[PDB]
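Below you'll find the structure, written out as structure tokens, and then a few comments.
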Amino acid sequence: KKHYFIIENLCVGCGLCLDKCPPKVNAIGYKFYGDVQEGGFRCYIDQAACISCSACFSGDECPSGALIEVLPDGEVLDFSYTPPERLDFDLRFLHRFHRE
Amino acid sequence: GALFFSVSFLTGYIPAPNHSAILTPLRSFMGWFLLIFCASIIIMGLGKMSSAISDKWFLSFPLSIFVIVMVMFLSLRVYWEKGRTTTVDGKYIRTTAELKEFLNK
Amino acid sequence: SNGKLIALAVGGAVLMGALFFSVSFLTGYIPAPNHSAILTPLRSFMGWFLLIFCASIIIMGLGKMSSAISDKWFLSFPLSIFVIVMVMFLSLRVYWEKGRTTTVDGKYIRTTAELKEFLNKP
Amino acid sequence: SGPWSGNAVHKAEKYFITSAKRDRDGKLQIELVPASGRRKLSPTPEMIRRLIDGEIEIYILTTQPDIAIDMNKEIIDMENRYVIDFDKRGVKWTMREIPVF
Amino acid sequence: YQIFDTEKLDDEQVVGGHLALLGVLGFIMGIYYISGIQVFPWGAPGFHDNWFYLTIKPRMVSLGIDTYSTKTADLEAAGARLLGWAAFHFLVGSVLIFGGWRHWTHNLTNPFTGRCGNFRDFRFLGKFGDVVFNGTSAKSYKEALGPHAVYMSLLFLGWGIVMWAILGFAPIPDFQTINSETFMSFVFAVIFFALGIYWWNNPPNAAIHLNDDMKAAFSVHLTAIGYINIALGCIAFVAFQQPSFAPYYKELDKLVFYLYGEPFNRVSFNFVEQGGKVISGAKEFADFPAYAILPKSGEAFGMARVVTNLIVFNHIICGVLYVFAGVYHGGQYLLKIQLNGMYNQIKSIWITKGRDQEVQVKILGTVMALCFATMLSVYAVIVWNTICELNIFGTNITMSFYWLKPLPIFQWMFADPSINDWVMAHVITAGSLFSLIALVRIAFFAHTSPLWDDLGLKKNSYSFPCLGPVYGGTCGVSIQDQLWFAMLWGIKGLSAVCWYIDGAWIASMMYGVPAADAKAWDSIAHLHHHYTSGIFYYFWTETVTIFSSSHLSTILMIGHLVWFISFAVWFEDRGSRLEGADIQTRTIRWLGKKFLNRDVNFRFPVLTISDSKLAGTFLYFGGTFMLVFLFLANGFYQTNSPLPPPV
Amino acid sequence: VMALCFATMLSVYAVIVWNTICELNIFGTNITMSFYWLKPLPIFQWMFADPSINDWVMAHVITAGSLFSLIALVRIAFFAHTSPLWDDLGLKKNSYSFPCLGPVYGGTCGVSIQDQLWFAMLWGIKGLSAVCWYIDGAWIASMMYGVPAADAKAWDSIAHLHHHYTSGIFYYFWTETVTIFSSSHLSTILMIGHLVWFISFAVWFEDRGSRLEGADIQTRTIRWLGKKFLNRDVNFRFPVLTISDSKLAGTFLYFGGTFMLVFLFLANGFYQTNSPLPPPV
Amino acid sequence: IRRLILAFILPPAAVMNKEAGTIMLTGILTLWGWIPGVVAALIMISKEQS
Ligand code: BCL
Ligand code: BCL
Ligand code: BCL
Ligand code: BCL
Ligand code: BCL
Ligand code: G2O
Ligand code: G2O
Ligand SMILES: CCCCCCCCCCCC(=O)OC[C@H]1O[C@H](OC(C)(C)CCC\C(C)=C/C=C/C(C)=C/C=C/C(C)=C/C=C/C=C(C)/C=C/C=C(C)/C=C/c2c(C)ccc(C)c2C)[C@H](O)[C@@H](O)[C@@H]1O
Ligand code: SF4
Ligand code: SF4
Ligand SMILES: [Ca+2]
């Protein structure tokens, strides 16, 4: 179903998702490579322990986008809702407000 | 508790005049324990406040602040300090010229 | 090209000096009992810059000290401080405080008894 | 104005290669989906143009029904770095949940 | 600390909360008025002087409610007047709190008729709303601006009537008396009436607000009102020092103020409080009853400038805090609209024009470059002046920036133009720039920063203490953390304000020091006013009098404790505290069980880094400014007699 | 260690604050409510000259500070790799200098050996300053002994002190700076030490992320300005100290800046006269 | 001629053509070193447009 995962490539090991995991579940854990300041520490979801409660992902807490949700049909969601894509331009008026 | 008064029995100290050698350590430890109790009450009561403060009060809490500050000033006047220093004779000094006059006295 | 970096830095310092001089003329102030109004603003600007420059070069040199420090500095680091400290002490004797500060006569006030006898001149 | 459109962490909109099936035997079953998760697209030539231009960023998850290894063009001289075509590059997101407790 | 969030409350709830707070504040005003009663209406001696009433005594005597007259007669009358006005404030505050409860509970049913009016649709005051509004603001704050302007016009009009009749100050044009405040009260009515009508007929538009904007409008208006407070502080400083205000602020110096906590007539140890009490022992100063609060002349205390400084710094601190809070809450709104995606959909300059990250970077870089330049200039000037006055490196005061007065075109702002005023202006600009670095970071880098958009990270939670040691450390990167840093940076501009208004010589750290040429500034710079000692020696001189007061000494100790307690939470110690608190829990458990069979099942709580930063900044600010209160409440202690040359 | 430290610290600090309150006569408490009767016992009096509450507070403050720093030293000794909490939370300390783990479990700042050393130094600043103020002749039993307010200047009379101590804790700064300001070099040390000490806050405070995010802006501003009005020049990155290096530098600055000035306390003078003042009747 | 005089009274109004950052900088310049410094800013930028 939900089957929330973490992209180890992008995790920064902040742990903002770990605190949301229910205390007994504790599926999310810390994996250390070395030299914490160099980014060795990372986040992993033990899929066996996960109970698809959505607390980790629905929190909107992942800064890197590593925390993803694979929908039952299958689609990776990096966020609960990404902002719409826009074609932007600076509206500078001609005469009155912001000329040129 | 009653350790400090035994300390006072030891640690030979010349008691200050007109103060009992027993009650002076009693007063000292009394104030010590009063400070400890006041700190404990402050910490635990503010913990309970943070745990219990919610949208349900919305005015009884400001009204509690109002009543406590009102009684602060009320105790300032009634119990702590009485009258604007008046004078042993009774005259009040309210100008700098009168204060200078009494300085000349 | 770092020539433009130094050009901009020296131009900025020169412009600071010129601005200080110009505003010193603008700001109406009695110069001093003796000192002039042409040199005093420049003395203040010299202090200003020398301070900023000394702090900047100290920061930069200590950063490069931390960058270049190695085991090969075994004798380079300690002895250097030694010499600088030595120089400092010598600079105290020959430049800053030239003597022991005896009286004008040269009586070498060196005990509290004679200090008491001295401070109470008749 | 570009960091505030879409997810702010991906300068180029990211497209995970979610589903691919060998049964259709054409590999058109490769079904790219953006991180937003609202368009089950396909690897069309326009998507190829976007990928080469750098506008998009196609990615692959490790924990999934296998997309196509050596069946969708693969470079294995180094660690595998799957490519739709040699000029393309599908950077595989690595996902170590099973190897670690 | 988020229970009364804007989202949690609707417009009627906010109306009711503000109304109930106005009532509470009216009760506080009555309390202060009663605290100001030196002699009771019944004859007996009254309350001593409190800063809470010495702050408003000038204004009260301006309105005739209080009197600077010193006889028991007419001071009894002033006390009766203060009691009457305090009772009026009490009852009106009761009514305001009743209305606030009704609005907060939405039970806007008339107790007499029972008709339940609608916040959305309501005729104002009856027929007046029909004449003017023709029907209420169906919705929208924009349609509410005009009605609020009309309400403020009616407030101005009512104050004009009250001062004309109740307080007996007729409307007279001349601006040297309270009478003009009546005149202008009517003027600003018509203005804030007419404009209101205009804004009712032609509403204004800033579409960022009006939509889901209790926080957004609150932020903008809080920043605006913070600048209003800063302007009010400057105006108060200028005006209260003008001759027209001397009858109400300079005449404080002629009075003697018995303030709580001031020196009390001491008594020997062998003292018995019976009858005359003379036989047992001797009181410190005779002619005053034992333990009585001794008189303090306003001339020495400088109560004119003390009260002026207290009011001015109150408004300045409140305004700076309000600016910082407005930028913070606006940053919270910005982050919300960035997360939900409305940021790109806003079509107003206040959001669109800084949409580009390039312009945000350029803005913050310009602010940072100006801050570096101005801070370096002022600090070089100050340290060089210190090097000169202390004669360090062989220097002397002649090399200091005594020549660097503000230009003749800018000396109007300053009574005695010297290098002190130059350093004041430039230090204020530099502190403003410093705090603006953090404020601009909140404004722009609320959801993503150029480092973070390069580093592939986004700021979501608006309170997250960090993202960890990734990239060498991500401490204090939320907008809340930037607000805390902005407050800790504005501490310094606010200090500069305090030290300037209390008479300090902030151009050098060691003015008035008994060393080298520190006491020569008055001769070389040709100063008229003898500024209070310099930045480092100002502590000493002001503590000469802080230490002489038991109450001010208590404040000193308490604020210092509060300040240094802040490091336990601000320092990078949270993990150490958590580990130690686990050890504390285990210690309590086993020690208690061995000492007492009862089990504990309780844990010592450790603040999160977010709460740690919150409490740490609160404590830092609290200690710092509870002590600035000592600086401003010791006395002005700046005399108009320059010190001769040291030699 | 924690319990002994809590007991000693709470008792001695309560003694100090109570003596301060009685000094100031705050809450109406005259000086006789103070612990003028707390003196070193006739068994341990020989360790001190003029035994009084100052000596008792000295001994207990030193014990409390030693046990305080010993909390961190013992944490270094034992909880170098695994702590009971870090074991329960299933985490390992793989380095002596690792700053933290992250915003996990509410924060994990300063859990390493190096950070515990820094906290040990910061805590032992108190014991060392107590030593300095005892040796230069201060009244550490109260905050404002010798203050010209209330009954404080009656201490010598109430405690029968044979020597006049320079001042209480808070008043010690003032009375011992009367002579620092009279000296130019000591004033330079004062200013420089305070500069160093408060600059320690830039790194010790939880602000590394802010400084990093701002150094990015500094780099970009340098490039843009060096390209715009300076012509055709762009390079250089503004470095920012890591949290480990930030903590190290902050501890160095803190310790030096506080002990750049303790030297001033000890180098301005003993100033502990042996003529006790009369009562302030 | 309107732009330069409006600039000498209202420099940021003159640089209104320029980017919002430049307009804010010119406003700050009015605030600090009013006229001389900010008049310098406006003349530099306007002459640069020329
Ligand atoms: C400190 C620096 C900033 C500041 C920083 C923050 C931060 C940080 C936060 C808020 C939050 C809020 N702020 Mg703010 N804000 C400032 C100024 C203001 C002002 C103003 C005076 O004009 C207002 C109206 C607000 C309004 C608000 C709300 C929109 C919101 C929720 C508050 C509430 O429910 O808290 C409930 C608690 C309160 C009532 C305040 C605490 C005071 C107590 C209850 C007062 C009475 C007791 C006693 C007298 C004093 C306290 C100490 C005693 C020992 C008990 N801020 C100051 C100047 N603000 C929070 C929010 O959720 O943001 C979305 C939040 O996280
Ligand atoms: C002077 C004009 C100021 C202003 C001054 C204040 C002050 C001051 C306060 C508020 C408060 C509130 N303000 Mg406001 N407010 C302004 C404009 C706005 C606007 C708007 C423009 O539409 C909005 C939406 C708000 C929003 C709000 C709410 C968050 C809150 C009222 C709800 C209520 O009382 O909860 C029900 C809550 C209660 C009645 C409990 C109150 C408890 C105590 C008595 C007060 C708590 C806060 C603190 C002690 C006050 C500190 C002031 C400092 C001394 C600087 N403000 C401007 C910027 N506003 C209050 C609030 O709750 O702050 C957190 C508050 O105290
Ligand atoms: C101090 C009193 C409080 C207060 C307390 C009450 C009480 C109590 C009641 C209401 C009722 C109502 N309030 Mg109210 N309310 C206040 C301010 C407001 C404001 C505002 C202008 O910001 C709004 C939007 C409202 C909204 C509303 C309406 C929905 C409703 C009246 C319907 C209507 O046709 O009435 C026409 C008149 C109104 C719109 C009232 C406007 C507010 C005036 C100032 C109330 C004054 C009451 C006071 C005792 C008399 C003094 C009059 C002197 C001339 C000063 N109130 C004032 C400041 N409100 C009333 C009700 O339900 O009416 C059917 C009601 O009984
Ligand atoms: C000027 C009158 C008001 C004001 C009214 C508003 C309004 C209205 C809005 C904001 C909003 C915001 N305000 Mg404001 N605000 C003021 C003071 C400030 C100060 C400050 C310390 O001076 C700061 C840091 C902020 C910060 C902020 C942000 C939280 C937010 C914009 C984010 C963004 O993306 O901007 C993008 C960046 C910019 C648009 C940069 C350019 C600035 C604009 C074009 C106007 C000012 C410059 C002007 C032309 C200068 C030259 C002439 C001089 C006037 C002499 N305000 C004063 C008190 N503010 C918005 C928000 O969302 O509120 C919650 C909002 O709706
Ligand atoms: C209730 C009484 C007071 C007190 C009264 C005194 C007095 C008075 C003196 C000391 C002395 C000492 N106390 Mg003690 N002491 C208190 C609390 C403590 C605590 C603590 C658990 O917090 C500790 C660790 C200490 C430790 C110490 C040393 C600092 C000092 C050196 C000799 C020694 O210990 O001799 C005794 C040593 C032991 C019995 C074993 C080790 C220490 C034990 C754990 C605690 C000793 C205090 C004990 C309660 C004293 C009993 C004597 C009373 C006068 C009846 N005290 C309490 C608050 N203590 C002496 C000192 O040097 O004075 C300058 C001294 O004369
Ligand atoms: C008055 C000031 C201080 C204390 C009081 C104190 C007390 C204390 N601290 Mg602290 N601290 C600083 C100030 C004070 N820290 C500073 C300025 C820094 C910046 C570096 C700092 C830093 C760290 C780190 C990094 C760690 C700790 C801990 C830790 C404790 C847990 C157990 C213990 O140590 O008990 C030993 C400590 C005692 C029980 C102290 C005895 C009470 C006192 C006599 C009186 C209390 C007065 C009161 C605070 C005033 C108002 C109260 C009321 C009226 C509202 C613990 C009770 C840590 C632990 O949990 O591990 C042991 C940990 O890891 N810290
Ligand atoms: C004298 C003491 C201080 C500075 C000097 C300074 C300088 C500075 N700081 Mg600081 N700081 C504190 C003290 C000082 N912080 C404290 C006590 C706290 C505890 C809360 C604190 C905290 C934060 C946070 C949280 C952040 C920052 C930043 C940030 C800057 C980058 C941007 C800027 O301000 O440029 C504007 C340029 C200036 C500020 C530099 C002009 C120098 C002047 C002439 C004083 C010279 C000082 C000394 C004489 C140098 C020795 C030379 C020789 C003897 C070896 C930046 C230059 C941050 C940024 O990068 O954000 C954009 C950020 O996020 N901080
Ligand atoms: C505390 C002293 C400052 C030191 C602060 C350090 C600066 C950052 C240093 C990096 C910090 C760091 O982290 O790393 C250190 C790293 O160092 C090294 O790398 C280098 C890049 C080579 C260092 C050299 C940098 C530079 C050349 C030196 C510094 C830059 C300089 C030149 C600073 C000074 C600039 C100036 C003087 C600023 C001020 C200039 C602007 C002013 C005054 C405005 C005037 C206003 C005008 C227009 C008119 C005014 C007016 C008005 C308004 C109205 C009316 C009237 C009448 C008037 C006159 C190693 O390689 C690495 O190993 C090591 O790590
Ligand atoms: S969905 Fe729930 S149980 Fe599963 S990893 Fe996320 S928070 Fe833990
Ligand atoms: S030191 Fe503390 S605040 Fe900084 S990144 Fe580590 S856990 Fe977060
Ligand atoms: Ca000494």
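Residue numbers (UniProt numbering), protein chains in the order written: chain V, 130 to 229; chain D, 21 to 125; chain L, 5 to 126; chain C, 20 to 120; chain Y, 62 to 708; chain U, 428 to 708; chain H, 3 to 52.
Where a beta carbon is used, it is the ideal one built from N, C-alpha and C, also for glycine.
Within chain C, the residues placing a beta-carbon under 9 Å from that of Y:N405 are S20, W23, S24, ordered along the chain. Interface residue (Cβ-Cβ distance to chain C less than 9 Å): V:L147 is not classified as such. Shown here for D:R104: same chain residues with a beta carbon closer than 7 Å to its own, the five before and five after excluded, namely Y112 in chain order. Under the 9 Å criterion on CB atoms, V:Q176 is classed as interfacial with respect to chain C. From the listed residues Y:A205, Y:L691, Y:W550, the smallest Cα separation to Y:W601 is found for Y:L691. Cβ proximity to chain C below 7 Å picks out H508, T509, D514, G517, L518, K519 from the stretch 504 to 535 of chain Y. Contact of Y:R635 with chain U is assigned, a C-beta pair being separated by under 9 Å. Taking 8 Å as the cut-off, one finds at least one heavy atom of ligand 9 near enough to the beta carbon of V:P151. No Cβ of chain H is located within less than 9 Å of the beta carbon of V:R215. Neighbours of H:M18 in chain V, taken as residues at a C-beta separation under 8 Å, are given in chain order as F226, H227, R228.
By the neighbour-count criterion, in which a residue is buried when 16 or more other Cβ atoms sit within 10 angstroms of its Cβ, U:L468 is exposed.
The beta-bridge partner set that DSSP reports for Y:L316 consists of D:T115. Proximity of the stretch 631 to 646 of chain Y to the stretch 619 to 636 of chain U meets the contact definition, three or more beta-carbon pairs being nearer than 8 Å. Taking V:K130 as the centre and dropping the five residues before and after it, the same chain places the C-beta of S181, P201 closer than 6 Å to its C-beta, in chain order. Only residues of its own chain outside the window of five on either side were considered, and among them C449, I585 have a CB closer than 8 Å to the CB of Y:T459, listed in chain order. Proximity of the beta carbon of Y:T509 to ligand 2 is not indicated: no heavy atom of the ligand is located closer than 8 Å. The beta carbon of L:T44 sits closer than 8 Å to those of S28, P35, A36, all from its chain and outside the five residues before and after it, given in chain order.
Taking 9 Å as the cut-off, the Cβ atoms of Y:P526 and U:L528 do not count as close. Looking at the DSSP output, Y:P106 bridges to Y:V100. For the 9 Å CB-CB criterion, Y:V501 and U:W651 do not form a contact.
Unbroken beta strand (DSSP E) stretches of 3 residues or longer found wholly inside the stretch 628 to 667 of chain Y: none. Relative to ligand 1, the beta carbon of Y:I64 is positioned inside 8 Å of a heavy atom.
Proximity of C:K40 to chain V, defined by a Cβ-Cβ separation below 9 Å, is not satisfied. Only residues of its own chain outside the window of five on either side were considered, and among them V102 have a CB closer than 6 Å to the CB of C:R108, listed in chain order.
Within the same chain, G169 come within 7 Å of V:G163 by CB-CB distance, once the 5 residues on both sides are set aside.
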